[PDB]
$ cat protein.json   # JSON, C-alpha atoms
[["chain", "number", "residue", "atom", "x", "y", "z"],
["G", 1, "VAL", "CA", -47.09, 48.67, 129.83],
["G", 2, "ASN", "CA", -44.25, 49.07, 132.32],
["G", 3, "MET", "CA", -46.04, 52.01, 133.91],
["G", 4, "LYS", "CA", -45.92, 51.87, 137.71],
["G", 5, "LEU", "CA", -48.72, 53.96, 139.20],
["G", 6, "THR", "CA", -47.37, 56.21, 141.99],
["G", 7, "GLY", "CA", -49.13, 59.17, 143.72],
["G", 8, "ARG", "CA", -50.71, 59.79, 147.14],
["G", 9, "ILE", "CA", -53.46, 57.16, 146.79],
["G", 10, "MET", "CA", -51.09, 54.39, 145.74],
["G", 11, "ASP", "CA", -48.54, 55.46, 148.42],
["G", 12, "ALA", "CA", -51.15, 55.17, 151.17],
["G", 13, "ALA", "CA", -53.27, 52.29, 149.79],
["G", 14, "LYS", "CA", -52.50, 49.92, 152.70],
["G", 15, "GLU", "CA", -53.10, 52.64, 155.29],
["G", 16, "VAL", "CA", -56.42, 53.83, 153.87],
["G", 17, "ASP", "CA", -57.58, 50.28, 153.16],
["G", 18, "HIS", "CA", -56.86, 49.37, 156.79],
["G", 19, "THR", "CA", -59.01, 52.17, 158.20],
["G", 20, "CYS", "CA", -61.79, 51.89, 155.62],
["G", 21, "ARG", "CA", -62.15, 48.11, 155.62],
["G", 22, "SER", "CA", -62.36, 48.07, 159.39],
["G", 23, "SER", "CA", -65.04, 50.84, 159.32],
["G", 24, "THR", "CA", -67.27, 49.41, 156.56],
["G", 25, "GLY", "CA", -66.93, 45.66, 157.26],
["G", 26, "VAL", "CA", -65.92, 44.82, 153.71],
["G", 27, "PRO", "CA", -63.56, 41.78, 153.39],
["G", 28, "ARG", "CA", -61.25, 40.88, 150.45],
["G", 29, "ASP", "CA", -63.29, 38.57, 148.13],
["G", 30, "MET", "CA", -65.09, 41.86, 147.59],
["G", 31, "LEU", "CA", -62.04, 44.11, 146.85],
["G", 32, "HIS", "CA", -59.62, 42.00, 144.76],
["G", 33, "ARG", "CA", -62.74, 40.57, 143.14],
["G", 34, "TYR", "CA", -63.91, 44.03, 142.26],
["G", 35, "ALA", "CA", -60.40, 44.67, 140.89],
["G", 36, "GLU", "CA", -60.65, 41.43, 138.89],
["G", 37, "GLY", "CA", -63.80, 42.94, 137.25],
["G", 38, "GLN", "CA", -66.42, 40.99, 139.23],
["G", 39, "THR", "CA", -69.50, 43.00, 140.14],
["G", 40, "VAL", "CA", -69.32, 43.89, 143.83],
["G", 41, "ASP", "CA", -72.35, 46.04, 144.79],
["G", 42, "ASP", "CA", -72.86, 45.20, 148.49],
["G", 43, "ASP", "CA", -73.91, 48.23, 150.55],
["G", 44, "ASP", "CA", -70.65, 47.90, 152.54],
["G", 45, "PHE", "CA", -68.47, 47.89, 149.42],
["G", 46, "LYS", "CA", -70.12, 51.17, 148.29],
["G", 47, "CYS", "CA", -69.33, 52.72, 151.67],
["G", 48, "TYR", "CA", -65.75, 51.43, 151.32],
["G", 49, "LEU", "CA", -65.42, 53.46, 148.04],
["G", 50, "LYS", "CA", -66.96, 56.42, 149.87],
["G", 51, "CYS", "CA", -64.50, 56.00, 152.75],
["G", 52, "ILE", "CA", -61.49, 56.06, 150.39],
["G", 53, "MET", "CA", -62.79, 59.24, 148.77],
["G", 54, "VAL", "CA", -63.30, 60.90, 152.19],
["G", 55, "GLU", "CA", -59.79, 59.95, 153.29],
["G", 56, "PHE", "CA", -58.39, 61.51, 150.05],
["G", 57, "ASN", "CA", -60.48, 64.71, 150.31],
["G", 58, "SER", "CA", -62.54, 64.12, 147.11],
["G", 59, "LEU", "CA", -65.76, 63.53, 149.03],
["G", 60, "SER", "CA", -67.16, 65.03, 152.22],
["G", 61, "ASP", "CA", -68.47, 62.63, 154.86],
["G", 62, "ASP", "CA", -71.99, 63.69, 153.79],
["G", 63, "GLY", "CA", -71.26, 63.04, 150.15],
["G", 64, "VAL", "CA", -70.15, 66.36, 148.54],
["G", 65, "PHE", "CA", -67.72, 65.74, 145.60],
["G", 66, "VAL", "CA", -64.59, 67.95, 145.53],
["G", 67, "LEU", "CA", -63.18, 68.15, 141.95],
["G", 68, "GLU", "CA", -59.84, 69.84, 142.71],
["G", 69, "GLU", "CA", -58.92, 67.13, 145.19],
["G", 70, "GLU", "CA", -59.90, 64.31, 142.86],
["G", 71, "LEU", "CA", -57.79, 65.75, 140.03],
["G", 72, "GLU", "CA", -54.87, 65.80, 142.43],
["G", 73, "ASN", "CA", -55.69, 62.13, 143.31],
["G", 74, "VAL", "CA", -55.08, 60.99, 139.71],
["G", 75, "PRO", "CA", -51.71, 59.14, 139.59],
["G", 76, "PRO", "CA", -49.08, 61.21, 137.78],
["G", 77, "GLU", "CA", -48.48, 58.46, 135.17],
["G", 78, "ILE", "CA", -52.03, 58.80, 133.84],
["G", 79, "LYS", "CA", -52.74, 62.50, 134.50],
["G", 80, "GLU", "CA", -54.07, 63.27, 131.03],
["G", 81, "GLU", "CA", -56.35, 60.25, 130.62],
["G", 82, "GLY", "CA", -57.42, 60.32, 134.30],
["G", 83, "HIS", "CA", -58.27, 64.01, 134.33],
["G", 84, "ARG", "CA", -60.43, 63.40, 131.25],
["G", 85, "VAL", "CA", -62.34, 60.72, 133.16],
["G", 86, "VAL", "CA", -62.76, 62.84, 136.28],
["G", 87, "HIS", "CA", -64.07, 65.83, 134.28],
["G", 88, "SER", "CA", -66.54, 63.57, 132.52],
["G", 89, "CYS", "CA", -67.95, 62.31, 135.88],
["G", 90, "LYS", "CA", -67.86, 65.46, 138.01],
["G", 91, "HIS", "CA", -71.68, 66.01, 138.04],
["G", 92, "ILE", "CA", -72.65, 62.62, 139.47],
["G", 93, "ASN", "CA", -74.53, 62.89, 142.79],
["G", 94, "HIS", "CA", -76.83, 60.09, 144.11],
["G", 95, "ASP", "CA", -79.39, 59.96, 146.95],
["G", 96, "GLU", "CA", -76.85, 58.90, 149.57],
["G", 97, "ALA", "CA", -73.11, 59.48, 150.23],
["G", 98, "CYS", "CA", -72.16, 55.81, 149.63],
["G", 99, "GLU", "CA", -74.23, 55.35, 146.43],
["G", 100, "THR", "CA", -72.75, 58.68, 145.12],
["G", 101, "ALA", "CA", -69.21, 57.38, 145.57],
["G", 102, "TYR", "CA", -70.01, 53.94, 144.04],
["G", 103, "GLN", "CA", -71.59, 55.46, 140.93],
["G", 104, "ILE", "CA", -68.99, 58.23, 140.52],
["G", 105, "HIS", "CA", -66.81, 55.09, 140.27],
["G", 106, "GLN", "CA", -69.14, 53.30, 137.86],
["G", 107, "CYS", "CA", -69.01, 56.53, 135.76],
["G", 108, "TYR", "CA", -65.20, 56.33, 135.79],
["G", 109, "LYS", "CA", -65.50, 52.70, 134.64],
["G", 110, "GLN", "CA", -67.94, 53.76, 131.83],
["G", 111, "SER", "CA", -65.76, 56.65, 130.74],
["G", 112, "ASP", "CA", -62.53, 54.61, 130.31],
["G", 113, "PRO", "CA", -62.81, 50.88, 131.18],
["G", 114, "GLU", "CA", -59.19, 49.97, 130.44],
["G", 115, "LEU", "CA", -57.80, 52.89, 132.51],
["G", 116, "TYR", "CA", -60.19, 52.17, 135.39],
["G", 117, "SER", "CA", -59.31, 48.46, 135.36],
["G", 118, "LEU", "CA", -55.65, 49.48, 135.43],
["G", 119, "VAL", "CA", -56.06, 51.70, 138.51],
["G", 120, "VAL", "CA", -58.20, 49.32, 140.60],
["G", 121, "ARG", "CA", -55.81, 46.42, 139.90],
["G", 122, "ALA", "CA", -52.74, 48.44, 140.97],
["G", 123, "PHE", "CA", -54.50, 49.57, 144.16],
["G", 124, "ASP", "CA", -55.42, 46.00, 145.05],
["G", 125, "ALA", "CA", -51.87, 44.68, 144.44],
["G", 126, "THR", "CA", -50.38, 47.16, 146.93],
["G", 127, "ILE", "CA", -52.78, 46.14, 149.70],
["G", 128, "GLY", "CA", -52.47, 42.37, 149.87],
["G", 129, "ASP", "CA", -54.52, 39.34, 150.89]]
$ encode --input "protein.json" --output "C-alpha cells"
Amino acid sequence: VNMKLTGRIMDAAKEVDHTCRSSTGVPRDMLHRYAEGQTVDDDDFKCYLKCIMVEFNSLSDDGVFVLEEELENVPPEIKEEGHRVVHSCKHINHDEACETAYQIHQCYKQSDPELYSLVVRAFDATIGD
C-alpha cells in the first residue's frame, strides 16, 4: 500500500514518545522491536502503552478506557477497519492501569494483526532511533 497514516497520534508521535519514554524508562530495543513483532512484555513497556493512551485521552491515569477518544485516535486512512478493532476491544479492563493498556493492545493485535502491525510500524518510523 501507498497509504500514509496521518492523524493526531502520528502527528505527535515524537512528542508523546519523548514524554512517555522518559517517564516509564523504556528504551528503543523495546519499541522498534515491538513494532517488528517481537514480544515486549516488560512492566515498563506496558506503562509506556498506558502513557500514550493517557496522553491521547483514551485512558485515564487510573486506567479507565474512553471509547469516543480512542475512535477519534484511529488514523483517518484506516477509520473503518480501525473502528471495527476498537469496538471489538472496548470491554477489556485488567487489574492495573498498565496491564489494561497492554492487553487492550494485545486485543487490537488479536482482532486485526495486519492492521495492528501496520499502525505500530508507522508510529515507530516517525519517532526514530
$ residues_around --input "protein.json" --residues "residue 67 of chain G" --least-positions-apart "3" --cutoff "12 Å" --atoms "only C-alpha atoms" --output "PyMOL selection string"
chain G and resi 53+56-60+64+70-74+83+85-92+104
$ residues_around --input "protein.json" --residues "residue 94 of chain G" --least-positions-apart "4" --cutoff "8 Å" --atoms "all atoms listed in the file" --output "ChimeraX atom specification"
/G:99-100,103
$ residues_near_point --input "protein.json" --point "(-55.7, 49.6, 153.3)" --cutoff "10 Å" --atoms "only C-alpha atoms" --output "list in words"
residues 12, 13, 14, 15, 16, 17, 18, 19, 20, 21, 22, 52, 123, 124, 126, 127 and 128 of chain G
$ closest_residue --input "protein.json" --among "G:120, G:51, G:98, G:3" --to "residue 33 of chain G" --atoms "all atoms listed in the file"
G:120
$ closest_residue --input "protein.json" --among "G:25, G:11, G:117, G:125" --to "residue 38 of chain G" --atoms "only C-alpha atoms"
G:117
$ atom_distance --input "protein.json" --atom1 "atom CA of residue 102 of chain G" --atom2 "atom CA of residue 49 of chain G"
6.1 Å
$ atom_distance --input "protein.json" --atom1 "atom CA of residue 28 of chain G" --atom2 "atom CA of residue 119 of chain G"
16.9 Å
$ atom_distance --input "protein.json" --atom1 "atom CA of residue 81 of chain G" --atom2 "atom CA of residue 30 of chain G"
26.5 Å
$ closest_residue --input "protein.json" --among "G:50, G:79, G:32, G:8" --to "residue 65 of chain G" --atoms "all atoms listed in the file"
G:50
$ closest_residue --input "protein.json" --among "G:2, G:29, G:23, G:10" --to "residue 75 of chain G" --atoms "only C-alpha atoms"
G:10
$ residues_around --input "protein.json" --residues "residue 45 of chain G" --least-positions-apart "6" --cutoff "8 Å" --atoms "all atoms listed in the file" --output "count of residues only"
4
$ closest_residue --input "protein.json" --among "G:96, G:122, G:115, G:101" --to "residue 46 of chain G" --atoms "all atoms listed in the file"
G:101
